[PDB]
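Taking the form deposited in one PDB entry, here's one chain by itself in structure tokens.
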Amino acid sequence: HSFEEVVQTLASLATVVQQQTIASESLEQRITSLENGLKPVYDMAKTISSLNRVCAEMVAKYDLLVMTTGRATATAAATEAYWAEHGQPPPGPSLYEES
């Protein structure tokens, strides 16, 4: 009966040592995940504020803007639309303004 008890104790010790190894691997994986997960948080926190600042500045600057018309928008848009489908340039003669 002694041999059976010795074998059972050895098997239990081996299984619990494997449990130690599994626990150590889990500890290492959790530590690595914690260390590497939250590295760029400071950089993103700094970047978001600057992006918001520049975006607000430009959306405020957009109000103070004056646009002057020109004699080429209609012809350019017509050329673009004629090129979009059946992509051949519009037939002759030439349109109002070509550039």
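Just count from 1 along the sequence shown to find any residue number. In this text, the rigid core denotes the largest set of C-alpha atoms whose superposition between the two forms falls within 1.5 Å. Shifts are known only where both forms have a C-alpha.
The same protein has a further form, the form deposited in another entry, not shown here; the description that follows concerns it.
Participant: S50: CA shift of at least 2 Å between this form and the one not shown after core fit?
Facilitator: Yes; that C-alpha moves by at least 2 Å between this form and the one not shown.
Participant: Is it true that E35 shifts between this form and the one not shown by 2 Å or more at the Cα, once the core is aligned?
Facilitator: Yes; that C-alpha moves by at least 2 Å between this form and the one not shown.
Participant: Listed by sequence position, which runs of three or more consecutive residues have C-alpha shifts of 2 Å or more between this form and the one not shown, the rigid core held fixed?
Facilitator: After superposing the rigid core, the only shifted stretch between this form and the one not shown is 34-69.
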